[PDB]
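Below is one structure, written out as structure tokens, with a few remarks after it.
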Ligand SMILES: Cn1c(=O)c2c(ncn2C)n(C)c1=O
Ligand code: FES
Ligand code: FES
Ligand code: FES
Ligand code: FES
Ligand code: FES
Ligand code: FES
Ligand SMILES: [Fe+3]
Ligand SMILES: [Fe+3]
Ligand SMILES: [Fe+3]
Ligand SMILES: [Fe+3]
């Protein structure tokens, strides 16, 4: 409870734009979402995506059962109308009386990017950004947004699953395992602008990771001397202490083939991981877990996370340094 | 539960007579019911309706899985027989041994009225009565008891919903909303014999409310110089901290039409209310809720409940004064 | 709560051998089980039945989703292999590096007996044994292991239901109730070798002899003289958590030319009659306000003994062993 | 269907008044019903209960999905309005054009009696009446209408089951079987005004049957020198070749007890019969069935049905004689 | 019955391209479909969409449970491989023996157009084409293919529902009904190139222009002048069997900066309003006793033309082609 | 319909003995079964297994809802009692009157063998036997009876699936396919005593088939010079024209391992075959199916079946010759 609080300073995806537009016949929302156990409502007021606590100030009805009416969100119960800043500007029963000062609900940072809606619950440290998706605005690439998949596992466990290759022989023997390259060498890892960066070579191929902390992964797969660029972007929304809503976007240079060739393969990979990751208990990794040399990526990830957690208690400047100070191990220049 | 102890002193409805008769083929019960989170069992023993704790004194089996045999409720496990006062009168395994003095279960006030079964858990203040239903013993009126309806909402929030008119335009636009009277004014409210009394007029008819504290509403709808008296009697059973079992009885002078004309309209109104009331959270009204002048009825209701809660803690005489002292705002003379 | 602590010192059944062999196509397990709210995994590793915590030391995946390979249990995630002592012997990703010292999981005493798998979670007092079943190794008897049955009731309440007959007229009027024998009298009860022993004679030429291995096992021998028709029932509850039991019934009979299903149907009917009443008892553990009568002697004596065991366990190994194994005889019988 | 044409001349119950009122929020219907495999729609238009074919004349939509508006049944597709005689009186698309003469649907006799809706599909023989229920207009008796019960069995097999006593020891050992009277003797049976009449005595009471052909049974149970008259009225609606919708009405002098005491006992009796009657196959009694002397009631029933079937084919006068000619076996004088 | 026979001569849609690619992880199919009670399989074999009878010639297994291998459809049972003409080219069990002459399955004309797969079961008259969709290859329009919807109603009854407006006040009172325009008058109807053409003007400055490719396809263009807000709806029913249609809706719009889901929700609501009424019509095919009024001209003309086609088909190829393609003009318009 | 009639002359399994004993608490049945679209009832009367048409002669109730009472099967409706020959010997309602000659139901050959109940519907040709299971009464072998498995496929199609190896590469690539012996040679097949016999060698191993016509297969798998005998016995009950209830028995010499090792493997094999065989249509193999040289077994099977079918029309002696005349292709001596 105390230990998840620093996660409120990051931007997290809560839904696709498609899900918001399908939520209500108007295509404007409202849509109820949950983030870090907070009940929120998302709507499009004018040209602005807005996110508020899903709870009217008057008698606590859920705004997510209400209606968007121009530049206002209208509560279903007695019709109070809230503006983009969460302040009531119309009490229909008392339309000439002054509106109480307390007639306001909490409003949160809310922004569309890459076809997802992102929410940042706490902006007080002013140093976090929506994660990096390298394929955005690259006209060589066809971009496809998959439907979200829900797992009974935490965002940390899902991240460590995504960036590990030790498990291919046992979970993915027919899909991702390469029998002639069964053990990946330890690779150098760099911290730069709040991202982990690391690259694996075959050099016939290349797996280039840019991971915006804490839960987003951008993987570029290129074949050298060939035009086979494939990008996977995966980000987990920490819905509550046990549950993730996960988003996978993929982009590809060679787009003459079917989208569903890649979707079916990706779904097979996910279905192989899913029961094993859901079995991990307790849901958060305890201090007694035993690491080996091949676990470099997750060891370093856990190391960074607890630095961020300690820096959050020390305040805005400690946190900004912990997040954004470079730490270079490789030969690359940034 | 500390905060709802004072509710144990009121009469609460727990089932209809029909539900009790239908529970078991005997037609005498037993029927399990829950009131203020207490598990009770109701039965008809001889000519009397009885309510007991649903827990055998011997080995704690549910008496509600037992059998009514004349004027005994027989436990299903070892067949101990309990009389109308909750005292065991037969131990079948030791039929000539004396029955231990501890072989009794708590027995509560239990009375039929208007075709409902009513239970008062604590009679020690001796100053509460079954709520007032004005159509009873009026031979001009046909009386119908609807089937009970369960809501995931508290009795307080249900009462506030029933007595509010600000919500009609938004929840009931095509059923109850009157655009010829879109904002009923604030009215005088009287306290008299433990009831709230208040009337709303046309601007030719009237809505006359007699509300027996804490959870019953008697509403007489008249149209002037017509034989068109309609009466709605609604009462919420506070089952536990998040649930109500609700009862609606209605009476009408004009009785040549179908009962189901009124039931289907009343059910449609209830269905419009239900999702919004059940969305309200937290279940009990917290202090941060924001009232406006049009909430007079709700504000005064919350105030009286607070007074009853405080007076209960001060004892029998304080509670009795808080409940039955008259407080008149209108020009009426009772 | 902490009042269950002393129960970890006994052997409890967790599954049938059949359940273990059906769990996984290899017929070696693994199988997940739960005992006193502990999540365990059972597998057949070589010629041994082994019980471990169902949690890999590396990244906490469930070993019960993995595979037996040779004499080892292999985790489904990164393939660490654990031996019969719970120690990791292979890290596939680092096959030449040294295996970390803490690469191990807790292991528990585990044994097959009578076609059930038994686990003891705490062996430090070392004074308890697997319950007694009188029919094993008796070639006159056909033995049948029933499918386990799950009840939303504690093991103590289940034991008291099995040993009571006050309830026959009301729960079993058409199955077990005998109208010409409605009141079995109170009988002497012996403590011996950590068992309750007590015998009901028929005055109708028979006998019901109970040997109840504390805390949750019951061996009932029925003799219908003067006939060669011995019938043995063996019932034991696994305390799965604070609310739930997984129950095992094994029955044996001398006259075994009739159908097994004649007996299984009858027993299943008896169990179905008991089930809703026992599951309705609340709260789940019997509080101090229950009102006993003279006919409840067996139940009263059972609760007194569990209370002694629970108090002796707080005073340590030697006190517990005396409470469990000291004899207390009140019948006229030899031992 | 060739063999059941003669049944169209009788009055058959299709629903209770309650079912009709509950079908749609209007309380006026429409309700879809099926009789002798004909799809019909029932509605209350003005003061009249009407039955029509459930098939609009225009484009064959189901009128049962439409709306009752006063004294019109409105088709849901293009809104044609049908009056109480089945004639279209408004074509909304051509409101001043004349309505084609073919714009009518077949309309059938439809009458309320005893709280049931009754339909006679063919009135051309003008010699059949709604079955006799002896307790109607007896002010000493409380009358209760049970909910209808559907069986996968024909109306003939249901009737034979209700009037047989040979089965009590085997289907009803603990409910109806009397070991003090284990084999009721064969009795005289009378034909009178289209009814079978027969009485069984004690060896102090009597079972007096008045059976209006073909599917109704009126059973008066008396105990001598007591005010204990019980009446059961049972009638099967022949829905199609393998299904009945059955109606049970019961009346009683002693009315201080619960209606549900009797309903639950009557429902238990029905539940004992149901699986055996539904197992009978083929659904219609073939010629190879083997009767014994104790089947007198069933044998004479089958004979009268055969005569009615033959007489129908010979025409109105033959059918009327076959139905209403008296055939007396008893010493009674009607 | 045999009254459906003439329908085999037209092109009918059977699935979306999306449905075909999702069917099997290879994204090449195969996918089982049903058209006029024929069980077919569709697969992408090389650069061609191919339709065959979904029944192997060897032992009658369903090819739709098999696999595309190269440019061939391989049966799941014994692995016979069929080419784009339905001829077996490999018998894995007898790889050197000659392949039996009758080792082949029926194949059918199959083409992609507008993102749907179309099949013609009988090509012997060779005079029908794939229906016309006015929005294809118009770069001013955003085109959206909806998910197919299944109704328990025939394709003829579905077509008459789509082209009627008599029903708006009663089925669509809050969606399509216009209170200031409740009675669209009767309009002239043209037959041209096997299409019905007819146009409704607004006296409210608009236009509804129908091009209906017989028998079951409807292209509706809506112009809301004087604005650049052209909207095109294209609806076509697949007659799956005597009782059932699988329906495809494609819509196109010029103003495409709003959400696709604004339009999809509205259209889905319209369809949900129609569905129970249309499915309630009985019997499934309209009998001779239905009573028409003057407002039903479109429906009356539609049924007359289908009757001609059905009669011309019994007289052969040349008669059918004239019935389908002869012009019959009653408007004042150019063609 | 006409074409399945010759199948009534063979013995077919309808249930396990276990299923019969579990059907009713008595362990004696009755159990309803279906064979070649006939509704039958099976019960144990004394020491005899009996099979009758599931239809009482009196009023056609199902005897399978009745009760075994010593040496009688008692109908649930009016309690008629049938003896082991299907003749009613007690009419409870008329216990002294002569029982009608027609009071009899059809009785069929019924016999236990190998833990299954077999029924022969037509014994008129007197030349068929219960199929051969080679492991019965071999004390070296542990015998296990699996639970029956139901397929939506005919008995002929299931038989041809069981005796074919062409399909291993495609249906069983991981279970039964042997990559170094991918094409089995054509083998000689012998007809002897109504069995097909044929043997496949590896000679390190051996698959020896004895197939009692028409639906039973006995497969002995032995490794030469080793004691690895494994027997599979599979027989299909032709329940109706589209459905089989299939029985698998297996026996093994090495029985120190778990029964469920073999059961799990066998279930995996069956689950691989099942969707492909259920897809075959039409359900019976038409004349247009195209065979290749590798289909010898099924070609010869289809050849024998149509010989039996033609011989059935020519009568008892033609059929006996067609079934039991030897036709030897191999070197073996019988
Ligand atoms: C040939 N064969 C087998 O060899 C086999 C089997 N099931 C298990 N085995 C081992 N089946 C169904 C089978 O047809
Ligand atoms: S609760 Fe939102 S306006 Fe009243
Ligand atoms: S628990 Fe009620 S009598 Fe024993
Ligand atoms: S979690 Fe078990 S090997 Fe990694
Ligand atoms: S179908 Fe009834 S009005 Fe058209
Ligand atoms: S059925 Fe297709 S290859 Fe045999
Ligand atoms: S139907 Fe079987 S005894 Fe009457
Ligand atoms: Fe993975
Ligand atoms: Fe309301
Ligand atoms: Fe009966
Ligand atoms: Fe196979």
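Chains as they are written, first to last, in the deposited numbering: chain B, 7 to 208, 219 to 350; chain C, 7 to 209, 220 to 350; chain A, 7 to 209, 219 to 350; chain C', 7 to 209, 220 to 350; chain A', 7 to 209, 219 to 350; chain B', 7 to 208, 219 to 350. A prime marks a further copy of an entry chain. By construction, the Cβ of each residue, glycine as well, lies at the ideal position given by its N, Cα and C atoms.
What does the alpha-carbon distance come out to for the pair residue i and residue j?
{"i": "residue 111(B)", "j": "residue 66(B)", "result": "10 Å"}
{"i": "residue 288(A')", "j": "residue 83(B)", "result": "28 Å"}
{"i": "residue 93(C)", "j": "residue 293(C)", "result": "42 Å"}
{"i": "residue 57(B')", "j": "residue 32(A)", "result": "41 Å"}
{"i": "residue 322(A)", "j": "residue 130(A)", "result": "20 Å"}
{"i": "residue 265(A)", "j": "residue 151(A)", "result": "4 Å"}
{"i": "residue 337(B)", "j": "residue 320(B)", "result": "12 Å"}
If distances are taken between C-alpha atoms only, which option among the options comes closest to residue i?
{"i": "residue 37(C')", "options": "43(C'), 53(C'), 20(C'), 52(C')", "result": "20(C')"}
{"i": "residue 134(C)", "options": "199(C), 83(C), 104(C)", "result": "199(C)"}
{"i": "residue 301(A)", "options": "222(A), 136(A), 166(A), 348(A)", "result": "166(A)"}
Under three-state DSSP, which class holds residue i?
{"i": "residue 30(A)", "result": "coil"}
{"i": "residue 80(B)", "result": "strand"}
{"i": "residue 152(C)", "result": "coil"}
{"i": "residue 198(B')", "result": "strand"}
{"i": "residue 24(A')", "result": "helix"}
{"i": "residue 278(C')", "result": "helix"}
{"i": "residue 349(B')", "result": "coil"}
{"i": "residue 225(B')", "result": "strand"}
{"i": "residue 176(B')", "result": "helix"}
Please check the pair residue i and residue j, which I expect to be a contact at CB under 8 Å, by giving their CB distance rounded to whole angstroms.
{"i": "residue 125(A)", "j": "residue 115(A)", "result": "7 Å"}
{"i": "residue 28(B)", "j": "residue 276(A')", "result": "5 Å"}
Any heavy atom of ligand 2 nearer than 5 Å to the CB - residues listed: Answer in sequence order: 62(B), 64(B), 65(B), 67(B), 81(B), 83(B), 84(B), 86(B).
Lining residues of ligand 1 - beta-carbon closer than 5 Å to any non-hydrogen atom, in sequence order: Those residues are 168(B'), 282(B'), 285(B'), given in chain order.
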